[PDB]
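Chemist: After the structure tokens below, expect a handful of questions from me.
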Amino acid sequence: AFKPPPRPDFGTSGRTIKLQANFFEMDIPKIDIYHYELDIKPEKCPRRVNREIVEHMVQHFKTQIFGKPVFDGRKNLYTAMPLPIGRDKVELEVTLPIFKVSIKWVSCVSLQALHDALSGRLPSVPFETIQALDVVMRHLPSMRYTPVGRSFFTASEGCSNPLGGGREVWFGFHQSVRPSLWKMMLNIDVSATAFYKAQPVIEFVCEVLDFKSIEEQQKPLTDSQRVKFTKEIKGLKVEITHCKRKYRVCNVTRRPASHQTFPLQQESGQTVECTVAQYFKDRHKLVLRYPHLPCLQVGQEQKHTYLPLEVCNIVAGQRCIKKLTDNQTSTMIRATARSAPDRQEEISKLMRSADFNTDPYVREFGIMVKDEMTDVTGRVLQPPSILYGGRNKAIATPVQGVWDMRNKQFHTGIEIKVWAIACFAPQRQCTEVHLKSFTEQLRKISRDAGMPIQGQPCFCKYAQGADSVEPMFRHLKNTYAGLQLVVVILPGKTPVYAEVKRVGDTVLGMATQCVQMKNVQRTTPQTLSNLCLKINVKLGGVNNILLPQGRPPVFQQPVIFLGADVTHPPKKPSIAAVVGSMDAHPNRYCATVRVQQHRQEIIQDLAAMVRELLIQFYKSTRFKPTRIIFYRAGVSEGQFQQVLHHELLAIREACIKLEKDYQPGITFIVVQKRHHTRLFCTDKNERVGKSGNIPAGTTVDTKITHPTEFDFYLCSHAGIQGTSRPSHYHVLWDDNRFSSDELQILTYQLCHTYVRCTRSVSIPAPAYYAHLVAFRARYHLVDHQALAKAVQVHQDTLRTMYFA
RNA sequence: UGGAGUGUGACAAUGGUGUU
RNA sequence: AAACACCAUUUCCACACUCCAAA
């Protein structure tokens, strides 16, 4: 439970399709770079200030040292060539129009060892080296561009994209140095956001108050205009233009600049009441062109510092946080999240205009970055045949990641005979005609799907308030003998839903299916169809199964599939969810949920949860799992060592405390949808749909993947909009010795066992379900050992997929 | 609360050190 | 205790959009 397994082989299954990844090949020398620790007092200075101080320190000490270093922004410094130092601390002083800096030697970072790591020589890739390289590549844009989070943003060179108000669209990119099979690469992905336009505040007023010009009104702002302008500018920073000095607007004056007064404190004799306009006329010899406009209150309210709008400009680099209107959000997405070819060209254009090969700090370390994206082979896996079981038992073949139930019926359809209707929406906007039409349409779609509604509902009443839920359900459960479903019509976002699921899933164990109000008024066969999918699953039926004869050889022996996800509170306990397959299809899943420490992603009580699932598996299959496939979802790379250490043992522990010496093979896999890796089709004819993304089933385990360990990218879904995010799978452990092809096909096949739609999903079904179970348990909570029993679902609910 | 996809948040939340 | 800086963590969740209902 310490070391992750090496990649066994390279996959050869599926049709090859020429691809390009957003990785850029780097040429790195064999030179050893020198690392030094800095010590700067005071110890609270911002990163930008630190880089500024170091920059001054470089040029002012050229006679002694620096015969061109890079900086972290925080106490870490690197140089290409060595300098006159030692292990001893070298302290000096600098001045910025006053700091004390101490430079200390740390260690040497050899890039020869990096080549040994990328080659077959050394197994471990030095993290300190990756850090150093990343600091180098980020040193210039950290000062040249505007850093946001881990990305760098900037304005537009030519065409300035506006948004209205004081906002505009700034574009940016996220860079990161990553190790590869043979050569180091630079991962880069573009993005966009909204910044405040660098313009005079007098024009900011014009754009906010919808003025063509400022001379449109000579009369002062009405109270509504003052509030509106204040709402937009309160908090922003502005620079002055009659001396430079940057200020922060805390408020907007009520009175005009001609009447706004303040304590003048003219040397001796203390304060005299003076207006702002008179001050700028006397002191700065400036007559106000627009004295009828209010002033910007700056700094401390006790300080009484005011500024006329015509001497203030809004400083650039200020990202917007305010709510975006319809036109703003539209223009945003109408300029971002574009199609795959568009994003592709954007990254290419970026890599062209960024010009890493001409920047001095990059050239200093003799680093060369390829200006073209990395070509990668890639291969599209073969979609599994989905077997439906009507009278004809037709088969659905996933075309482009999507299939349908046309002339097809469920593998195991349930004859719904007893069901109820409880509408919580007002009857005024939801008539009985709507309910009957919805009933007719549902009955038709249901019977066509293989899950026939044998007749009208035994119950149909309007209601209101969450307090009506728990009592009514009890009455419903005691009145009608053997009801199968309770349909709850909701008028939108309401606390009613949470209690419906609480009473339904935990308290009584009644199969409930909520429907939004609008879908009852106007009904489309597609919506009702997907709804039927949910119902049939919630009632214990089987929508569809994988083709038994068309499965990887792992199914030849009893194997259980596990999915795990963790959800954290907005101080409240977190909840971890672990699901497990309960048949050999694998269609049916059982859910286990626990409560945990705040924001602890490491599943603590996992062992007991696995034990429950294993026992339940045996009770449902009469077979003991020879294999365990654990799809962990939600953890990042920085948590791997921790998670893999505890959770793997927790799984193994559960297998020991259960029965004798029963130790099946555990395959620990980490699913990751959140990463800056993009994939594009090289051939224009290979593009799929409007979005023009890679075809569903695209598999990549070369060039852009880990040099030694077992990982692979798998785009298992078809891109509906924008650019697809290929789900990354990293095998942290494997006792069963899976081959690349087998595990990838198995994963891609489990992406077809999703029961809520007739499509291929981005992540495997167990991981998706586990996320659903967690997010469902989120509603059950709405003192620790008390709420611990709140997530404990019903006895009869346990044997079902309520989370669907 | 029919479903899937992908955009935004990073002056975010907390515990920590520290400031007139 | 009120703001304000910085260090290590937290991709949780929220909102929005697109498509399945046209030919």
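Every residue, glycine as well, gets a Cβ built from its backbone with ideal geometry; the counts of neighbours run over all protein chains shown. Any read-out appearing in this document is the output of simple, stated calculations on the displayed coordinates, not a laboratory observation.
Chemist: Report ³J(HN,Hα) in whole Hz for each residue of region A:515-524, in order, from the Karplus equation J = 6.51 cos²θ - 1.76 cosθ + 1.60 where θ = phi - 60°; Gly and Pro get x.
Modeler: 10, 5, 4, 5, 6, 8, 6, 10, 10, 9
Chemist: May I ask you to evaluate 6.51 cos²θ - 1.76 cosθ + 1.60, the Karplus curve with θ = phi - 60°, for each residue of region A:532-546 and list the ³J(HN,Hα) values in order in whole Hz, giving x for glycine and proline?
Modeler: These are the phi-based 3J(HN,Hα) values: 5, 4, 5, 4, 4, 6, 5, 9, x, x, 10, 4, 8, 10, 5 Hz.
Chemist: Okay, moving on. In chain A, what percentage of the DSSP-assigned beta bridges are antiparallel, given to the nearest 5?
Modeler: 80 percent
Chemist: Still on this structure: A 19 angstrom limit on the alpha carbon distance is what I want to check against. Which of A:444/A:534; A:501/A:789; A:417/A:534 exceed it?
Modeler: none
Chemist: Points 7 angstrom from Cα along the Cβ direction at residue A:254 and residue A:399: gap in nanometres?
Modeler: Result: 7.1 nm between the two label points.
Chemist: Could I ask something else about it? If one puts a single equal scatterer on every Cα of region A:663-728 and applies the Debye formula without solvent, what log₁₀ I(q)/I(0) results at q = 0.17 Å⁻¹?
Modeler: -0.64
Chemist: If the cut-off is 27 Å between C-alpha atoms, which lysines fall inside it for residue A:183, apart from same-chain ones fewer than 8 positions away?
Modeler: Residue A:183 reaches A:3, A:18, A:30, A:68, A:349, A:370, A:673, A:703.
Chemist: Kirkwood Rh and Cα-based Rg: tell me the resulting Rg over Rh for chain A, rounded to two decimals.
Modeler: Looking at chain A, the ratio lands at 1.03.
Chemist: Right, another one. With the cut-off at 22 Å, report for region A:255-359 the share of all Cα pairs above it, as a whole percent.
Modeler: 59 percent
Chemist: Also, I was wondering about something else. Based on other C-beta atoms within 10 Å, arrange A:322, A:690 from fewest to most.
Modeler: The most exposed by this proxy come first: A:690, A:322.
Chemist: Return the loop-located trypsin sites (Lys or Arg not before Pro) in region A:170-238 (DSSP other than H, G, I, E, B) with at most 10 other Cβ atoms within 10 Å of their own Cβ; answer none if there are none.
Modeler: A:212
Chemist: For a quick check: sort A:479, A:275 by the number of other beta carbons within 10 angstrom, fewest at the front.
Modeler: By the 10 Å Cβ count, ascending: A:479, A:275.
Chemist: When every alpha-carbon pair in region A:427-487 is counted, what percent end up more than 16 Å apart?
Modeler: 56 percent
Chemist: Once amide H atoms are placed 1.01 Å from N in the peptide plane, what residues at a sequence separation of 5 or more from residue A:122, or on another chain, have their amide H within under 5 Å of its amide H?
Modeler: A:117
Chemist: From the square roots a ≥ b ≥ c of the eigenvalues of the alpha-carbon gyration tensor of region A:304-359, which class results: rounded (a/c under 1.5), prolate (a/b over b/c), or oblate?
Modeler: In terms of gyration-tensor shape, oblate.
Chemist: Let me ask another. Residue A:92 to residue A:779: FRET efficiency via 1/(1 + (r/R0)^6), r the Cβ-Cβ distance, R0 56 Å, to the nearest 0.05?
Modeler: 0.40
Chemist: May I ask you to derive the FRET efficiency for residue A:375 and residue A:622 from their Cβ-Cβ distance with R0 = 51 Å, giving the value to the nearest 0.05?
Modeler: So the FRET efficiency works out to roughly 0.50.
Chemist: Same structure again: Counting other C-beta atoms within 10 Å, which of A:675, A:717 has the fewest, and how do the rest follow?
Modeler: Ranked by crowding around the Cβ, least crowded first: A:675, A:717.
Chemist: While we're here: Rounded to whole Å and sorted largest first, list the principal axis extents of the Cα atoms in region A:197-319.
Modeler: 45, 32, 25
Chemist: Right, next: Label points 7 Å out from Cα along the Cβ direction at residue A:556 and residue A:47: separation in nm?
Modeler: Each label point lies 7 Å from its Cα, and together they span 5.3 nm.
Chemist: Which listed residue (A:401, A:754, A:708) has the Cα farthest towards the positive end of the charge dipole for chain A, taking +1 on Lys and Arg C-beta and -1 on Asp and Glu C-beta about the Cα centre?
Modeler: The residue sitting farthest along the positive end of the dipole is A:754.
Chemist: Taking every pair of distinct Cα atoms and averaging 1/r, then inverting, what Kirkwood hydrodynamic radius in Å comes out for region A:24-158?
Modeler: This gives a value of 16.5 Å.
Chemist: Shifting gears a bit: Obtain the nm distance between the two label points defined at residue A:2 and residue A:645 by a simple spin-label model: each point lies 7 Å from its Cα along the Cα-to-C-beta direction.
Modeler: According to this spin-label approximation, the distance is 1.2 nm.
Chemist: Which far-off residues, 5 or more places away or on another chain, put their amide H under 5 Å from the one on residue A:551, with H placed in the peptide plane?
Modeler: Those lying under 5 Å, H to H, from residue A:551: there are none.
Chemist: Show which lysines lie in cross-link reach of residue A:237 when reach means a straight Cα distance below 23 angstrom and same-chain residues fewer than eight apart are skipped.
Modeler: Here the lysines satisfying the reach criterion relative to residue A:237 are A:44, A:197, A:228, A:246, A:303, A:322, A:323.
Chemist: Grab the DSSP H runs of chain A that are 4 residues or longer, score each as -39,500 (n - 2.57), total them, divide by all residues and round the 222 nm result to the nearest 500 deg cm²/dmol.
Modeler: Helices in chain A give a 222 nm mean residue ellipticity of -8000 deg cm²/dmol.
Chemist: Got a sec to turn the phi values of region A:472-486 into Karplus ³J(HN,Hα) couplings, 6.51 cos²θ - 1.76 cosθ + 1.60 with θ = phi - 60°, whole Hz, x for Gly and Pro?
Modeler: The phi angles translate into 4, 4, 4, 4, 5, 6, 8, 8, 9, 6, x, 6, 10, 8, 10 Hz.
Chemist: Now, a different point. What ranking, highest mean first, results for peptides A:83-93, A:339-349 when packing means the other Cβ atoms within 10 Å averaged over each residue?
Modeler: So the peptides A:83-93, A:339-349, ranked by packing, come out A:339-349, A:83-93.
Chemist: Compute the semi-axes of the equivalent ellipsoid of region A:467-595, taking the square root of 5 times each eigenvalue of the Cα gyration tensor, and list them largest first in whole Å.
Modeler: 30, 21, 16
Chemist: Follow-up. Which whole-percent values make up P(r) of region A:380-549 when all C-alpha to C-alpha distances are grouped in 10 Å steps starting at zero?
Modeler: With 10 Å bins starting at 0, P(r) equals 9, 36, 32, 16, 5, 0.
Chemist: For region A:1-89, report the % of Cα-Cα distances exceeding 19 Å.
Modeler: Above the 19 Å cut-off, region A:1-89 has 63 percent of its Cα pairs.
Chemist: Which FRET efficiency, nearest 0.05, do residue A:286 and residue A:234 yield, Cβ-Cβ r, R0 30 Å?
Modeler: The calculated FRET efficiency here is 0.75.
Chemist: For the modelled label position 7 Å from the Cα of residue A:690 along Cα-to-Cβ, which residues of region A:697-731 have backbone nitrogen atoms closer than 11 Å?
Modeler: Inside the label zone: A:720-722.
Chemist: A follow-up question, please. Just add up the charged neighbours of residue A:419: K/R +1, D/E -1, any other residue whose Cβ is under 12 Å from the Cβ of residue A:419.
Modeler: +2
Chemist: Quick one: grab Rg to one decimal and Dmax as a whole number for region A:550-804, Cα atoms only, in Å.
Modeler: Cα radius of gyration and Dmax of region A:550-804 are 18.2, 60 Å respectively.
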